Amino acid sequence: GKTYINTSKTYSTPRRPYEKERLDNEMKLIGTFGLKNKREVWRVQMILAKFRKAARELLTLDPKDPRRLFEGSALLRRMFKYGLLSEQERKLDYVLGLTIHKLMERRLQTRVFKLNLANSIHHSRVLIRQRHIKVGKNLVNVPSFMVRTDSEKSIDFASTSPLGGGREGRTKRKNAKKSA
Amino acid sequence: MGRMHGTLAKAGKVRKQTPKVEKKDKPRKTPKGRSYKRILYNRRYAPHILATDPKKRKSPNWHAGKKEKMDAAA
Amino acid sequence: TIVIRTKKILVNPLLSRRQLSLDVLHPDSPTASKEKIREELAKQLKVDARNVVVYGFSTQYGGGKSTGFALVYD
Amino acid sequence: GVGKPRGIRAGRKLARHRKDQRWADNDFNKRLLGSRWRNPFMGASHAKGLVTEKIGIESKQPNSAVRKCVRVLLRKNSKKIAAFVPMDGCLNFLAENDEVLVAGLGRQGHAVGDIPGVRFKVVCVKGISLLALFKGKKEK
RNA sequence: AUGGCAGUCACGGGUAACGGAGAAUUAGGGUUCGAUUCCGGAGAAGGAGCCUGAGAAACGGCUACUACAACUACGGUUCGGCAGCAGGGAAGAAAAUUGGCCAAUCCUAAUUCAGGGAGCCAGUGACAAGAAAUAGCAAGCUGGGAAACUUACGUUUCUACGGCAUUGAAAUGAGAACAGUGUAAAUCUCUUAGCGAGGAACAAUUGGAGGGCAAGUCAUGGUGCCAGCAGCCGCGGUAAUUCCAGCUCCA
Ligand SMILES: [Mg+2]
Ligand SMILES: [Mg+2]
Ligand SMILES: [Mg+2]
Ligand SMILES: [Mg+2]
Ligand SMILES: [Mg+2]
Ligand SMILES: [Mg+2]
Ligand SMILES: [Mg+2]
Ligand SMILES: [Mg+2]
Ligand SMILES: [Mg+2]
Ligand SMILES: [Mg+2]
Ligand SMILES: [Mg+2]
Ligand SMILES: [Mg+2]
Ligand SMILES: [Mg+2]
Ligand SMILES: [Mg+2]
Ligand SMILES: [Mg+2]
C-alpha cells in the first residue's frame, strides 16, 4: 500500500521522567483547566514551542527582510484570531512571552465554563462532548478546539439538544412515560 | 541455629508457604479517567493544601490504615 | 421543510447538461432522500425529474446541512 | 602546541587520525567487526531453544542462594547457552526438552547482579509467558 | 612503441553495501540510518546462448547444461520456473485473505463500448499516526478553612475546596436499530425515528513505593540468608521501608 497522507506527532516526552516541581506544575494545570491525562498539557507545550521556534528564527533575521515582514505579520495575525495576543502586542518579541496558562485558556472547555454556560471546568468537558454546544456554523464535539476570537460571539447550545429547544432526551422521556 | 524443617533449595517454597489472603471487596469503585485526576488534584494540589505551610505539607501516602484517617478527619 | 441552495453552476454544452453543486438545509430532519432533492431541484429549475441526476451527498456533523451534486441534461 | 594540526590543508590528516583513534572506543569496535553476529544470539533480540538441563547456581558473594537456571540448546545456532529462570518457583514451569524463549539480561552480553557469568533469561515456555504462567492467567 | 596507476593509498580484502530523493536525533559542529511510495541500476533457481522485433539477452519467450517441479500405459511429455497477487512448505524472534470489482486512477488494443492481482474495494492488522467516553450537577450528613465574637467549647457565613457501600432527577455516547447518506455491489462512517446508566455495572490497565526516581512514619501477615528481589548501590541470616501477599499510595 502506497499512501501519501502525512505523518504527525502532536506531543513530546520530558528528558526527566520524575521531577517534583514539574509534575506539580502539570497537575496544577490539569486541575485548573480541567484536563485529564498529562499528554494534553504536553501537546499544548508542543504547540507553544512551535510558535516560539518561529518567532526565534524570525528574530535571526534583518528587520527589513521580506521574509520576516510577511511571515511575522502572518504569525501575529494568527495570534489575534485566536486571541492569544492582546491588541497592543503585535511585536514578535511578545510571542515568546506566551504562557501555557494563556494558551489553555483558549480551550473550548475553558471557554464554555468561563462563559457561564457550564457550572464547572468539568461540567464543560462533558457538555462539549455530549454534543451540547455549537460554535459558529458547526457543532463542536471536541474539547481541544482552539477558539476563534470571532466565533466567541456564537457559542450557544445546539438546536439539536435540550438547552437548544430540542426534544428532552431519553432519560426524561423514559421517566415521564411511566405513569403513576 | 537449630531450626530447620524444609529442604534448602526447594523451588516454590516461599510462594507456596504464603497464606492466601483475598483482596477486599470494594464498596462502589475507583473512578476511571479524568475524574480520577480530579480526585488527585483535590486531595493534593487543591487551594486548601497550597494555603498550608509548604514545608509542613503532608506526604500523600502517610496513612496506610484507617485509624489515622479518623485522626486526620478530627 | 427542505430548502435547496444551488451553488456552483457550470453550463456544459459538450455533454449538453448543467453541472451543479448543491446545498440542502434540513435543520430539523434526517438527511434528505434523493427523490425529494431531485423533485425540489426540478421545482426550482423547471425541468423534468428524470432529466436530473443527483449524486454524492455529504451530511455534515450535527445535521443541519448536506452538500451534494446534480446534473441536468437538456 | 596542542599536538594536533591546525591548518587548512590539514583536512585529511585530521579526519584520518580520527578514523584511527575511533577504534579505541569500544562500542565502535564491537560494532565494526561483526561482533554482534558471532554472539550466541547471532545479533538477534531473543532466541528459541531446547532445555538440556535444569541447574542451580550458587550466588556470588556476599549473597547466598540458589539461582534457578537452565541450559538451553538454541535452535538457530545449535550453540549451548546458560540462562536464568526468573521469579518464584518458575523453574517448575519448565520441563526438560521444552521450547523456550530467551532474551538478554539488560547488560547486552554481560551478567547481572549476583548470578555470575549468566547472560540470559527465560521469557516463554512452550508458547506461553512466564509472566502469564506466574500470575496464573494461563495453564501449561 | 614501452607505456598506464600508485603514500594526494594504486592494487587487494571486508560490507549483517544496491545509489540517490530522503529518515531518527539534533544549541551550534555532529552522530546514526535509508530493503521499502519517487527517480536511477540490477535480476527472475545458477550459468550461457538465441529467436522476433522499433526496442529484449526478455524470462508470466525458446535452446542447452548444473540443481530441481508436474504427468507417463516407460517411449514419451509439460503454456515447468510465487524476487506478480492470494496461498503452501521451510527458515526463523519476526510479518495478513488461496476474497470483490474495473465504479475511480491510468495503461494496452484494429479500439467511445474489450482486457488489466497496475489499481481500487473489503478482510487480517495495539507496525505507526490523529481526535477522544470510562461520568457530569446538585442535595442531606460530615471535614476543613475563613471570619467575628464569646475572654477559654456557642453563633454565622461561606469567592478555598474537600470526603460519604446516603438520597435526587437530568445529560449522553458505547450497544443496537427503521429510514436517509455512501458503494460497481457489500461493509463502515455520517444524519437520524423506535430503543439503550446507579452500581463487584457500560467497573482500565500496565508497572512501581529504600536510593538513583514520583509514591508507606503500615508497631500489617507469611518467609527466616531459604524462596526470591536487585539495570547499578544493594535487600533477605527472626522485629525485611527491597522477597510472597493484604491495605494504601505513586507514575
Ligand atoms: Mg486495505
Ligand atoms: Mg562507550
Ligand atoms: Mg535497559
Ligand atoms: Mg557486588
Ligand atoms: Mg495484578
Ligand atoms: Mg549505506
Ligand atoms: Mg542515466
Ligand atoms: Mg507471493
Ligand atoms: Mg473496461
Ligand atoms: Mg493510537
Ligand atoms: Mg443502512
Ligand atoms: Mg452507571
Ligand atoms: Mg510490598
Ligand atoms: Mg515487585
Ligand atoms: Mg513483617
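Here the residue numbering is sequential from 1 along each chain as its sequence is written and may not follow the entry numbering; residues with no coordinates are omitted from view. Note on labels: chains are lettered from A, ligands numbered from 1, in written order. This view covers only part of a larger assembly, and the values given relate to that part. Hydrogens are left out, water is left out, and the side-chain values use all remaining heavy atoms of the structure.

X-ray crystallography is the method the PDB entry lists for this structure, together with a resolution of 3.703 Å.

Per the PDB entry, the recorded name for chain D is 40S RIBOSOMAL PROTEIN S12, and the organism is Tetrahymena thermophila. The record lists its title as "THE CRYSTAL STRUCTURE OF THE EUKARYOTIC 40S RIBOSOMAL SUBUNIT IN COMPLEX WITH EIF1 AND EIF1A". What the UniProt record of chain D gives under Sequence similarities is the line "Belongs to the universal ribosomal protein uS12 family." UniProt positions are given in the numbering used here, feature names are shortened, and annotations may be inferred rather than shown by experiment.

Per UniProt, chain A carries the Sequence similarities (unreviewed entry) text "Belongs to the universal ribosomal protein uS4 family."

Enquirer: I would appreciate a short explanation of the pairing of strand β2 (residues 66–74) of chain D in the present structure.
Expert: On a regular strand, one side chain projects to one face of the sheet and the next to the other, so that they alternate. Residues and elements named next belong to chain D. A pair of strands is treated as paired once DSSP finds two or more bridges between them. Numbered from the N terminus, helices here are DSSP runs of H or I no shorter than four residues, and strands are runs of E no shorter than two. Here strand β1 (residues 46–58) runs beside β2; their pairing, made up of nine bridges, is antiparallel. Directly across from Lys54, in β2, lies its bridge partner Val70. Sheet topology places β2 next to strand β3 (residues 80–84); five bridges connect them, and they run antiparallel. Across the sheet, residue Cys69 finds its bridge partner in β3, namely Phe84.

Enquirer: Looking at this structure, how should I read the interface of chain B and chain A?
Expert: Interface size is commonly expressed as the accessible surface area that is lost when the partners come together. Any two residues having at least one pair of non-hydrogen atoms within 4.5 Å are treated as being in contact. Every contact between the two is made by seven residues of chain B and, on the other side, twelve residues of chain A. Counting the surface chain B buries against chain A, the share from its top three residues, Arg34, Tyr41 and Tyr45 of chain B, is 60%. Definition of a polar contact: a pair of N or O atoms within 3.5 Å, with one able to donate and the other able to accept a hydrogen when the atoms are protein atoms, and with sequence-neighbouring residues admitted only if both atoms are side-chain atoms. Linking chain B with chain A are two residue pairs in polar contact. The residue classification treats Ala, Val, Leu, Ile, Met, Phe, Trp, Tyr, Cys and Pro as nonpolar and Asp, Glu, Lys and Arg as charged. All others, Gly included, are polar. Looking at the side of chain B that touches chain A residue by residue, the classes come out as three nonpolar, one polar and three charged. Each of two parts loses accessible area, computed with a 1.4 Å probe, when they are put together; buried area is these two losses added.

Enquirer: Whenever I open this one, the packing of aromatic side chains confuses me. Can you help?
Expert: Residue and element names in this part refer to chain D. Two rings from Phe, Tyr or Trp (for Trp, the six-membered ring) form a pair when their centres are within 6.5 Å of each other. A pair whose planes differ by under 30 degrees is stacked, one over 60 is edge-to-face, and the rest are tilted. A full pass over the atoms with the stated rule returns three aromatic pairs over all chains. Centre to centre, the rings of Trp23 and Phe28 are 5.2 Å apart; their planes meet at 75°, and the pair counts as edge-to-face. Burial here depends on accessible area, computed with a 1.4 Å probe over protein chains only, as a share of the maximum for the residue type. Under 20% is buried, over 50% is exposed, and the range in between is partly exposed. Given the relative accessible area of 35%, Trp23 is considered partly exposed. Overall, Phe28 belongs to the buried group, its relative accessible area being 10%. Ring centres 4.7 Å apart and planes at 50° place the aromatic pair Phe41 and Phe120 in the tilted group. Here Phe120 lies in strand β5 (residues 120–125) and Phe41 lies in the loop between α3 (35–38) and β1, a separation of 79 residues in the sequence. Looking at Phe120, the relative accessible area reads 4%, which means it is buried. Sitting over the face of the ring of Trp37, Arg36 holds its NZ or CZ atom 4.2 Å from the ring centroid. Remark: a charge is flagged as sitting over a ring if the NZ atom of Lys or the CZ atom of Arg is within 6 Å of the ring centre and within 35 degrees of the ring normal.

Enquirer: Is there a simple way to explain the pattern of salt bridges in this structure?
Expert: Side chains carrying opposite charge are able to pair once their charged atoms draw close together. Salt-bridge detection follows one rule: a side-chain nitrogen of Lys or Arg within 4 Å of a carboxyl oxygen of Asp or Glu. With the rule as written, the count across this model stands at 21 salt bridges over all chains. Between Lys20 of chain A and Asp24 of chain A there is a salt bridge; the shortest N-O distance is 2.9 Å. With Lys20 of chain A and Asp24 of chain A both in helix α1 (residues 20–32) and four residues apart, this pair spans about one turn of that helix. The shortest N-O distance in the salt bridge between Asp98 of chain D and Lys140 of chain D comes to 2.8 Å. Of this pair, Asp98 of chain D sits in the loop between β3 and β4 (99–104) while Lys140 of chain D sits in the segment after α4 (130–134), placing them 42 residues apart in sequence. What makes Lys140 of chain D partly exposed here is its relative accessible area of 46%.

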